[PDB]
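Notes for the structure review
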Amino acid sequence: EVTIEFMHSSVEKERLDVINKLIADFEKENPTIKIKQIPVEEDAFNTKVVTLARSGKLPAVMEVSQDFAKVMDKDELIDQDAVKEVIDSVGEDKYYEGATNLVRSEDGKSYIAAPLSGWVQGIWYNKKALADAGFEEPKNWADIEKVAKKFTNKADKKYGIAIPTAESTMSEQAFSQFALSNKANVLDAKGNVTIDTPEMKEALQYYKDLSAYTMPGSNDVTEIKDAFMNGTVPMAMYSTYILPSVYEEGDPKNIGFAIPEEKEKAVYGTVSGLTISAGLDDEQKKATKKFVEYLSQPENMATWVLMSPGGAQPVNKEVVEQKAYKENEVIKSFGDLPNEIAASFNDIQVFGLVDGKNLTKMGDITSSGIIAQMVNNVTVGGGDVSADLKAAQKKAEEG
């Protein structure tokens with residue numbers, strides 16, 4: 001008797017089967033609510049939302065990335081109050097701290113989406129290789145560089161660590177972990193650009209120093225994954241998307257997860273979830289909130305994460321305690337690691353998230369490639385740290 005549109009990006013037969021059943025069960029529990037789903041390929045999702053927004057035909061609820069949620073919120077397309085009500089109904093305390101932080105509004109007072117899944121990035125490492133060489137899990141800059149130096153032998157094409165050096169967003173993400181571990185953020189709480197600072201110069205010089213022990217040339221996603229999977233490096237910076245490869249081709253019990261920690265820990269992460277379109281009628285808004293809260297329950301989050309592409313991680317603390325997650329055979333093969341990965345969401349730090357505020361200005365800096373170019377030129381280009389900081393600072397202002 002009340003119909004709401006759910007625009008999601010699970011178009012594969014197996015994932016659509018799961019979503020049909022989630023919706024069907026929800027509709028049995030809420031017989032006055034009907035879900036009209038709009039399955040759209042993830043590749044095609046965001047630009048269709050652009051058209052729908054222009055024509056005032058947004059669906060009630062949308063599966064969106066956290067970064068696209070920011071763009072919609074800038075255009076005031078999202079009902080923050082409805083989103084916040086769902087999160088508070090579940091309970092803020094049930095979410096890993098970084099998961100709710102990543103979806104905080106620009107003024108830190110509300111939320112732009114209800115998170116359902118996420119992925120983190122850190123330094124994956126071969127546990128036996130480091131142990132054999134006499135190393136425990138590296139944490140601070142000195143330990144990371146110490147392991148990397150020991151495992152570098154250029155004549156043999158062995159390198160100590162695979163870190164991104166290309167002009168790509170991955171380079172910004174990996175560098176940001178070292179920068180933020182030194183309390184260096186590209187923006188301050190007021191939105192001022194803070195690139196050319198002493199703490200950022202320290203991190204950029206260190207990233208340059210560390211790149212002496214990574215593969216020569218330009219390293220991006222393919223170079224890093226290849227080097228880790230074939231044993232060229234014992235350490236590699238990569239999202240949790242590396243884990244399906246380890247399961248299929250490696251030893252899930254021989255992989256550890258190290259987090260850069262100098263002045264503080266900095267886990268890079270992102271989150272996806274459900275947002276609620278602004279301007280919904282009363283009964284439609286109440287039905288959407290119920291639907292989002294339904295999918296946000298731990299037992300349905302577990303299903304969502306388990307059907308999501310490999311390496312997807314839960315953002316609610318209770319998912320790792322759900323039976324279907326605990327007893328999943330892929331999860332099982334990784335031992336204690338999945339609990340450790342999930343818990344790393346408590347230490348998320350990303351450029352532009354400052355004091356529980358996600359500043360939308362950061363999206364433009366990332367889009368323009370300023371940080372990636374700065375990292376690319378100091379590493380691959382052998383450029384000067386000081387000059388590249390100044391150039392990046394000036395360009396980030398001109399936007």
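Residues numbered from 1 in each chain as written, not as in the entry; some residues may be left out. Heavy atoms only, no water.

Let's talk about the overall build of the protein
The condition is simple: Secondary structure follows DSSP: runs of H or I at least 4 residues long count as helices, runs of E at least 2 residues long count as strands, and numbering of each begins at the N terminus. Computation of the radius of gyration draws on C-alpha atoms, with the globule rule given as 2.2 Å multiplied by the number of residues to the power 0.38. Buried residues are those whose accessible area, probed at 1.4 Å on protein chains only, stays under 20% of the maximum for their type, while exposed residues exceed 50% and partly exposed ones sit between those limits. By definition, residues are in contact when any of their heavy atoms lie within 4.5 Å.
Broken down by element type, the protein carries 19 helices and nine strands. Taken against the 2.2 N^0.38 rule, which gives 21 Å for 399 residues, the C-alpha radius of gyration of the protein at 22 Å falls within 12% of a compact globule. Once the C-alpha set of the protein is aligned to its principal axes, its extents read approximately 70 × 50 × 35 Å. When burial is assessed residue by residue, the protein has 54% of its 399 residues classed as buried. Of the contacts made within the protein by residues no fewer than 6 positions apart, 77% connect residues no fewer than 24 positions apart.

Regarding the pattern of salt bridges
This is how the line gets drawn: Salt bridge criterion: a side-chain nitrogen from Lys or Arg within 4 Å of a carboxyl oxygen from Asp or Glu.
What the rule picks out here adds up to 16 salt bridges. Its salt-bridge partner being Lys34, residue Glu27 comes within 3.2 Å of it at the nearest N-O pair. Exposure remark for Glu27: the relative accessible area of 15% places this residue in the buried category. We note a salt bridge from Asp196 to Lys390, for which the minimum N-O separation is 2.5 Å. With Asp196 in the loop between α8 (169-181) and α9 (198-210) and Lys390 in helix α19 (residues 385-398), this pair connects stretches of sequence that are 194 residues apart. When its relative accessible area of 29% is taken as the criterion, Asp196 is described as partly exposed. Taken together, the shared-partner salt bridges connect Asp93, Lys94 and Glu318 into one network.

Notes on a negative patch on the surface
Operational definition: Residues forming no salt bridge and having over 30% relative accessible area are the ones grouped into patches, like charges within 9 Å of each other and nonpolar side chains (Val, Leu, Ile, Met, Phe, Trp, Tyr) within 5 Å. Residue exposure ignores everything except the shown protein chains as possible cover, and the areas themselves are Shrake-Rupley values with a 1.4 Å probe. Counted as positive: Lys and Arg. Counted as negative: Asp and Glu, with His and the chain ends omitted from the count. In this description, the location of a charge corresponds to atom NZ of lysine, CZ of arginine, CG of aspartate or CD of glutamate.
Negative charge collects at one region of the surface, where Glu1, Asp281, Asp282 and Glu283 lie side by side. Along the chain, the position of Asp282 falls in helix α12 (residues 282-295).

Section: the packing of aromatic side chains
We count it as follows: In this analysis, rings of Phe, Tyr and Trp, with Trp reduced to its six-membered ring, are considered paired at centre separations within 6.5 Å, and the interplanar angle assigns stacked below 30 degrees, edge-to-face beyond 60, and tilted for intermediate values.
Summed over the entire model, instances satisfying the criterion amount to 12 aromatic pairs. Ring plane angle 55° and centroid distance 5.3 Å describe the contact between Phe26 and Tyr294, whose orientation is recorded as tilted. Here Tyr294 lies in helix α12 and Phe26 lies in helix α1 (residues 13-29), a separation of 268 residues in the sequence. An identical accessibility class is assigned to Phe26 and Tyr294; each is buried. Note on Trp141 and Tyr206: the rings are 4.7 Å apart at their centroids and 10° apart in plane angle, and the pair reads as stacked. With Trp141 in helix α7 (residues 141-150) and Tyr206 in helix α9, the pair connects residues that are 65 residues apart, well separated along the chain. By the ring-pair criterion, three or more aromatic residues cluster together here, those being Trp141, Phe175, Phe178, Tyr206, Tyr207 and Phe351.

A few points about the side chain of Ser239
Within the secondary structure, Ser239 sits in strand β5 (residues 235-239). Apart from the residues within four sequence positions on either side, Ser239 is in contact with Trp119, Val120, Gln121 and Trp124.

Comments concerning the domain arrangement of the protein
Many structure descriptions define interface size as the accessible area lost when the parts assemble. Defined as follows: Source of the domain bounds: an automatic or database domain assignment. Accessible area that two parts lose when put together, with a 1.4 Å probe and added across both, is what the buried area reports. Nitrogen and oxygen atoms within 3.5 Å of one another constitute a polar contact, given that in protein one can donate a hydrogen and the other can accept it, and given that sequence-neighbouring residues count only through two side-chain atoms. The residue classification treats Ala, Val, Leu, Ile, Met, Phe, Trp, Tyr, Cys and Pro as nonpolar and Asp, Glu, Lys and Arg as charged. All others, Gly included, are polar.
If you check the domain split of the protein, you get domain 1 (2-119 + 271-339) and domain 2 (120-268 + 348-398). Contacts between domain 1 and domain 2 engage 22 residues on the former and 27 residues on the latter. With both chains or domains summed, domain 1 and domain 2 bury close to 2000 Å², and 66% of this area falls on carbon and sulfur atoms. Of all residues in domain 1, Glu106, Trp119 and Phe334 give up the largest surface area on contact with domain 2, accounting jointly for 35% of the area buried on that side. Where domain 1 touches domain 2, the interface holds three residue pairs in polar contact. Those elements that provide at least two residues to the side of domain 1 that touches domain 2 are α3 (66-74), α5 (97-102) and α15 (329-333). Across the side of domain 1 that touches domain 2, the residue classes break down as six nonpolar, 10 polar and six charged.

Some points on helix α4 (residues 80-90)
The line we're drawing: By arc we mean the arc of the directions from the helix axis to the C-beta atoms, nothing more.
For α4, the full list of buried residues reads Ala82, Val83, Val86, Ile87 and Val90. An end-on view of α4 places all buried positions within 135° of arc, on one side of the element. Elements in contact with the buried residues of α4: α5, β4 (114-126), β7 (268-276) and α12. Taking the backbone nitrogen of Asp81 as reference, a side-chain oxygen 3.3 Å away marks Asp79 as the first, capping residue of α4. Two residues or fewer past α4, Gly91 is found with a positive phi of approximately 115°.

Re the environment of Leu210
Inspection of the secondary structure assignment puts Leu210 in helix α9. With a relative accessible area of 0%, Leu210 lands in the buried category. Along the chain, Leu210 and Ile161 lie 49 residues apart, while their C-alpha atoms are 8.3 Å from each other. Discounting chain neighbours no more than four positions away, the residues touching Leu210 are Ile144, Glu145, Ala148, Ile161, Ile163 and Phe178.

Focus: helix α10 (residues 221-229)
For α10, the complete set of buried residues consists of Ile224, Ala227 and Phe228. For α10, the buried positions fall inside an angular range of 95° around the axis, keeping them on one side. Where α10 is buried, its residues meet β4, α8, β5 and β6 (255-258). Following α10 by one or two positions, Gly231 has its phi on the positive side, about 85°.

Some details on unusual backbone geometry
The phi dihedral of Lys183 is positive, around 60°, even though this residue is not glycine. A positive phi angle, near 55°, is found at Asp355, a position not held by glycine.

Considerations on the nonpolar core
Operational definition: We call a set of buried residues a nonpolar core when its members are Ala, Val, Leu, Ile, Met, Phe, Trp, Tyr or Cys and they connect through side-chain atoms within 4.5 Å of each other.
Of all hydrophobic cores here, the largest spans 86 residues; its most connected members are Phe6, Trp124 and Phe291. Split by domain, the residues of this core number at least three in each of domain 1 (2-119 + 271-339) and domain 2 (120-268 + 348-398). Apart from the residues within four sequence positions on either side, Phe291 is in contact with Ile4, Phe6, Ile23, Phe26, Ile35 and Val61. The next biggest cluster of nonpolar side chains, apart from the first, holds 45 residues, and it includes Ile163, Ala174, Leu180 and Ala266.

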